[PDB]
């Protein structure tokens, strides 16, 4: 079972998604992609970038946001254990108490998440990774990495090789 469900809404920049595929494979997360993507999906490019088949073969691809909600049995209005990562959020990523299988939703690199998705979530389900005043948002793949490793830490790193 998926440590976390990492959900990218209309991702734009190929290397970010490539980095996230690698991250999810290393940590036991299930990656979900919501179309339209800003790049064309291509098995051959993913392999050339160094990704192994089993890293990308089992990614879930969703036609649109409501189809993602329906597929994952998330209540469209008040979705269970869905958190949106946004600079517009309230709690820090480390202030949420994660559970296995939580859904973590990230926006596109240029636009961020649409207003109708954020306006429908309560403040406590919109997570802001801390940044200094005046900052440029995070790189998308860095944002995902930070939240994934924080959640995994809280969970006691289930599935990690021990040293």
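Numbering follows the first chain given and starts at 1.
In this entry, 32 to 40 shows the higher mean Cα temperature factor of the pair 32 to 40 and 97 to 105. Relative to its counterpart among 151 to 159 and 19 to 27, 151 to 159 has the higher mean temperature factor, C-alpha atoms as listed in the PDB entry. Between the residues 120, 127, 113, 59, the entry's highest C-alpha temperature factor is the one at 120.
Compared with the other modelled residues of the chain, the Cα B-factor recorded for residue 131 ranks in the lowest third. When the CA B factors of the chain's modelled residues are split into thirds, the value for residue 4 lands in the middle one. Compared with the other modelled residues of the chain, the Cα B-factor recorded for residue 85 ranks in the lowest third.
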